[PDB]
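Novice: If you scroll down you'll find the structure; I have some questions about it.
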Amino acid sequence: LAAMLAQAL
């Protein structure tokens, strides 16, 4: 999940 949010940056 973290990676799916972190993509924003």
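All residue names refer to the structure tokens as shown: chains lettered A, B, ... in order, residues numbered from 1 in each chain, ligands numbered from 1 in order.
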Any chance you could list, as a PyMOL selection string, the residues in chain A that come up alpha helix (DSSP H) when DSSP is run on the backbone?
Specialist: chain A and resi 2-6
Novice: Residues as selected, N, CA and C atoms, written as a CSV table (one decimal), in the first residue's frame, can you do that?
Specialist:
chain,number,residue,atom,x,y,z
A,2,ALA,N,1.9,1.3,0.8
A,2,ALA,CA,2.7,2.5,0.9
A,2,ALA,C,3.2,3.0,-0.4
A,3,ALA,N,3.7,2.0,-1.3
A,3,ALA,CA,4.2,2.4,-2.6
A,3,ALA,C,3.1,3.0,-3.5
A,4,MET,N,1.8,2.5,-3.3
A,4,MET,CA,0.7,3.1,-4.1
A,4,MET,C,0.4,4.5,-3.7
A,5,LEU,N,0.7,4.9,-2.5
A,5,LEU,CA,0.5,6.3,-2.1
A,5,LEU,C,1.8,7.2,-2.4
A,6,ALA,N,3.0,6.6,-2.2
A,6,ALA,CA,4.2,7.3,-2.3
A,6,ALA,C,4.5,7.7,-3.8
